[PDB]
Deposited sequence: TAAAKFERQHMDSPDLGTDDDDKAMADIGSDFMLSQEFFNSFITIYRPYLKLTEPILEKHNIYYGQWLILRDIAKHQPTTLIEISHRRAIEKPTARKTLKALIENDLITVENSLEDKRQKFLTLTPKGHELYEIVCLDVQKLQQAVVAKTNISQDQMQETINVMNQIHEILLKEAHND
């Protein structure tokens, strides 16, 4: 439900990494479900974890989602006691956001499970550390272009 909720050489090349996304999320889905959190929620949670104290404004910008989407997901994170909002009289979109203790516990647990699952996947392949850094090198080049464009 989580993965479901979330929804030429150059051609074979792009296909090789774009088609891995969905299978990847299906496999990591249970990690989030076990913590009663959905993928959209996890991404914003993680984002806050790494940038807190942060704001709906900054979040929307780094995540590249629309305010309505970010507002709705944050609202669920708050309602679930995973993040706390600075109490202020300013606009909600300007208020500082940080993880609650429950939020941190959930975060550390998901993060470690994901890390171990990734290690496992790799361990079943013939991929070398070198092959991994070379891939990283190529992907970041692609990523630079897609972002500078936007």
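*Asks:* Residue ranges with no C-alpha coordinates, please: along the deposited sequence, counted from 1, in order.
*Replies:* Model skips 8-32, 176-178 of the deposited chain.
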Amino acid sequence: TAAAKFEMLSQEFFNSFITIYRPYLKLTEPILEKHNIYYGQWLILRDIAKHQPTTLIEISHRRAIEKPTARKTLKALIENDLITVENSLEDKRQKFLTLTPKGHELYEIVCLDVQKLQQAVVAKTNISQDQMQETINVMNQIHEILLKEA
From here on, numbers count along this sequence of modelled residues.
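*Asks:* Do the C-alpha atoms of 83-91 or of 51-59 have the higher average B factor in the entry?
*Replies:* According to the PDB entry, the answer is 83-91.
*Asks:* Mean Cα B factor from the PDB record: higher for 21-29, or higher for 8-16?
*Replies:* Comparing averages over the C-alpha atoms only gives 8-16.
*Asks:* Which third of the chain does residue 116 land in by C-alpha B-factor: lowest, middle or highest?
*Replies:* Middle third of the chain for residue 116's C-alpha B-factor.
*Asks:* How does residue 35 rank on Cα B-factor within its chain, lowest, middle or highest third?
*Replies:* Middle third.
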